[PDB]
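So you can see what is in the structure, the chains are spelled out below.
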Number of protein chains: 2
Amino acid sequence: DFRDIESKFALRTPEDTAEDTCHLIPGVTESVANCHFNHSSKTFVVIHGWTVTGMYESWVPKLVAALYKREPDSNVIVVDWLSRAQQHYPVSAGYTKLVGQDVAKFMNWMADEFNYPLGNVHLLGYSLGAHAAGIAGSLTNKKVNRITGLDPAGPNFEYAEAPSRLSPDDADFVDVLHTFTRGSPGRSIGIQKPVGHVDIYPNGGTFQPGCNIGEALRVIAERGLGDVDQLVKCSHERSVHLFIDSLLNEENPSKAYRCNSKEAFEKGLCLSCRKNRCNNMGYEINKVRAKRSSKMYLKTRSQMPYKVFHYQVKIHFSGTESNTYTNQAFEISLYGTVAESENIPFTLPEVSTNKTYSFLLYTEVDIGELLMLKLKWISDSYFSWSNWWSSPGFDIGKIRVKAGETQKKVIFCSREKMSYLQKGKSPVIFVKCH
Amino acid sequence: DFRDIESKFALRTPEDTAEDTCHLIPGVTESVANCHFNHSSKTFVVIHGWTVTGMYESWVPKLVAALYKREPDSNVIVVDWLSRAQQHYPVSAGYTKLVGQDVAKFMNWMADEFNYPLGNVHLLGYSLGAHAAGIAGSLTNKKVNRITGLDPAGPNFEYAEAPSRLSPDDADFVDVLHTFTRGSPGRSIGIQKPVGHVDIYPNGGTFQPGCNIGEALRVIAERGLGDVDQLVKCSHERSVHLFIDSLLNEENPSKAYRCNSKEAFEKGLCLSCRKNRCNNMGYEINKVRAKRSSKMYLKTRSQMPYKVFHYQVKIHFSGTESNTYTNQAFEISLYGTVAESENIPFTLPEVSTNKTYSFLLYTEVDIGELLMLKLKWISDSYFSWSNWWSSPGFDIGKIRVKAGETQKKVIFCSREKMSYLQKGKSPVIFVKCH
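For every chain, the first residue of the written sequence is numbered 1 and the count continues from 1 onward along that sequence, whatever numbering the entry uses; residues with no coordinates are hidden. Each chain gets a letter, beginning with A, and each ligand a number, beginning with 1, in the order they are written. This view holds some of the chains of a larger assembly, and the values cover only those chains. Hydrogens and water molecules were not included; the side-chain quantities draw on all heavy atoms of the structure. Residues with missing side-chain atoms are left out of burial classes, side-chain pairs and their counts.

This deposited entry lists cryo-EM as its structure determination method and 4.2 Å as its resolution.

J.: Teacher, can you tell me more about the relation of the copies chain B and chain A here?
T.: Here the two chain copies are tied together by a rotation about an axis and a shift along that axis. If you rotate chain B by 180° and push it 0.0 Å along the axis, it lands on chain A with an RMSD of 0.0 Å. The transformation relating the two chain copies, once decomposed into turn and shift, fits a two-fold axis. In terms of C-alpha distance to the rotation axis, chain B has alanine 33 of chain B as its closest residue, with the C-alpha 3.8 Å off the axis. Same-surface contact between copies: 100% of interface residues of chain B are shared with the interface of chain A. For the superposition of copies, the fit is least squares and the atoms are the C-alpha atoms. Should any heavy atoms of two residues lie within 4.5 Å, those residues are counted as being in contact.

J.: It is not clear to me how the state of the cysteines should be interpreted in this structure. Could you clarify?
T.: Note on terminology: a disulfide is the covalent bond linking the sulfur atoms of two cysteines. Residue and element names in this part refer to chain A. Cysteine sulfur atoms that pair up within 2.5 Å are treated as a disulfide. One pass over the full model with this rule turns up ten disulfides over all chains. There is a disulfide in this structure between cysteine 22 and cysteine 35, and the S-S distance comes to 2.0 Å. Here the S-S torsion is close to -100°, and the disulfide linking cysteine 22 with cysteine 35 is therefore left-handed. Note that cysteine 22 is positioned in the segment before α1 (30–34) and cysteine 35 in the loop between α1 and β1 (43–47), a separation of 13 residues in sequence. Pair check on accessibility: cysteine 22 and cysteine 35 agree, each one buried. Counting only the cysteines that take part in disulfides, in the order they occur along chain A, gives the pairing 1-2, 3-4, 5-6, 7-8, 9-10. Strands here are runs of E lasting at least two residues and helices are runs of H or I lasting at least four, both read from the DSSP assignment and numbered beginning at the N terminus. When accessible area is computed with a 1.4 Å probe and restricted to protein chains, residues below 20% of their type maximum are described as buried, those above 50% as exposed, and intermediate ones as partly exposed.

J.: Can you walk me through helix α4 (residues 127–135) of chain B in this structure?
T.: All names here are of chain B. In terms of residue burial, α4 counts as a mostly covered element, since nine of its nine residues are buried. Buried within α4 we find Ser127, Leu128, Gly129, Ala130, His131, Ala132, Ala133, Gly134 and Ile135. Residues of α4 that are buried in the fold lie against β1 (43–47), α3 (89–113), β3 (121–126) and β4 (149–150). A positive phi of about 75° marks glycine 137, the residue just after α4.

J.: Explain the UniProt feature "disulfide bond" in chain A to me, please; I cannot follow it from the model alone.
T.: Residue and element names in this part refer to chain A. UniProt positions are given in the numbering used here, feature names are shortened, and annotations may be inferred rather than shown by experiment. In this model the annotated disulfide between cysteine 270 and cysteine 273 is broken, with an S-S distance of 11 Å against a 2.5 Å threshold. Along the chain, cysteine 270 turns up in the loop between α7 (262–267) and β8 (296–298). Assignment of secondary structure puts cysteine 273 in the loop between α7 and β8. Checking the UniProt disulfide annotation for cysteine 413 and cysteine 433 gives a sulfur-sulfur distance of 2.0 Å, short enough (under 2.5 Å) to count the bond as formed. On the criterion of sequence distance, the pair formed by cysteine 413 in strand β15 (residues 412–413) and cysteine 433 in the segment after β16 (431–432) is long-range, its members being 20 residues apart. When its relative accessible area of 13% is taken as the criterion, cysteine 413 is described as buried.

The structure is reproduced here in structure tokens:
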């Protein structure tokens, strides 16, 4: 009952992270002895996804190299979607079931011949591979510890059920990286419905910064003609790049936050995590169970380090003139004890008086503590036309910034009288106080 | 069908040649992965024998260490005769069948699960272990390459057949070290009937030199009370010591010779090996098949290096006085181009005239070539009583020594007139000639 495999399982090593050297044929125990397999250590399983070409994508070598870097003396298994994924995309959607059955048979054979503990295997799933793993494991008798996927496919999986798509019950623990969701429901490539016990929605899933418009023209540019095809795939690989970055930087994991909605997170009222919230993201994620879908949010840098901070702010606006204004740009800057940002902007419409506001700010440099603050208010009338005549202004009292990683209700504090924030004027300084 | 084993198979490593660390349980494939087992390389199987104590004899560690020294990256398996061999000796003779069945089941299971090539395993057998292996393998479907044993047991195996004792058909190739045969037929511990394709009878099997009388008294000495028990076991371990010495000294193996009988070899008429005779002894033995039992003979040093030479000699005695003498001692010495022996004696009765004689000589030092010779003739009348009056004497012409390892019919050559060998007289010099 091991003749309908048609999907070769490879086993690379740190010295060779490019070419598949081994072939762990199910049933034929000879391969296990042929290629060293530490039955005591943990063993990952990478499941790549659809590829227009006839070869592995460019990210697998880096992923596997980083995996060995993080956890040496641990086996790695790769699959051979090729010969089946090259077919029409819906055909791959159908063949997900066959590959899942194949992987389940593989794991069952391993647990029968070698009784390898199932609690030491990850089904790293990308693109269609995540759904493939999800449909897999469920057939396994002893379940699976981790089924962490990457950018689960949306088409032909929304409006579905657990047997036909990744489900929380498919494994003991699960987490997904919703790195792309822009578009109408049920048609965006990236599924938006939460699937795992904990889900991550970096940047809100609308898009990612480390890219540009991309395709200049159908013929002049390269839609899938290499070149700018990768640029077109702005976010679909950002999941794997984020995962590998987190794996490499184990010392300082990025702390994704738990909230209620993307707009709520943007406002910044849902950052404090006294309970089991705001868990880590990546390999060092904390294993936790939830009574329901638990959305999360965070931000990131462009490409290389990621790992940004979060310093949401509140303002107790209280002035004299009561003419409400809307759609105004606020610019602030902060200085600390390690480094300092200079000209970070942000937006806050519907400004009023005798009212308190709040917003979310992010920086991409470590600052540690924070001493003083800048609160410049920008205008489109730089020249001396609007430098004398009375322009709208407000008064600033206290400021209640809250550090993200460490809960610090530091109370910033306007000076005795030297604030009077005004349009087209120098910022207002603040200091630690109280 | 793997619950009646009751004989644990161990697997030592070069770093641990004393204590069994692993347990390759048949059927349970987990042990193979637990303990590294290079399925490509050769794998020996040591089968020790009866022991009055409840632990492995003192030679197993040295044997296994030397085995690793000779062939690194090669697995070694040890058996656990203990718990069954401690019983009465005949009970062990009966249990040989059970252990053989167990080993056959082990090997068959290996050839089924891992299809390990049977042509890369040795069943190193000692004492009862040799017969155990011989009864083993025969049940194996794919036969065995080498079944080299050591000092096969004699009792309850003479007057037997192949199924109940080691046989040439039990494996592809076989060789035994008949290191002890003194005693009546069918009662000497060491079987004297040839068994394998090629058999080795060092020193003729009567005894070995590296020992003494041993047991001084039943109570005062230590029959089996340790101490002189090893001395009593003068030859039974000489087999394994010879094997380990040959294994360690791979560069210069000892060349055992093929002959017709021990007396014929002692005479020295059966050393030349133009055909496939005089094969090596030990690991570097040349694999050969014979139409029948092929006895062999050789000599050895005391304990450490072994590896002695063979320089049989012929004498063309031709003198005037025709009074035959008998039971006389001849002393000779030789000098070469590397080293030289000084006072090696030998015996030759039934000395006559106009007749040619021959004998076998051995030396324990490398000599390479040989230049001159000594032919002193000893007497028990050293003093000047027999120094003047005419004592019996002969004349010497040519000498036809023959080098063993290299066939060299070097013709020694008496001087013009200066020979006249006489009793109680200075030797007669000889040189290379012709």
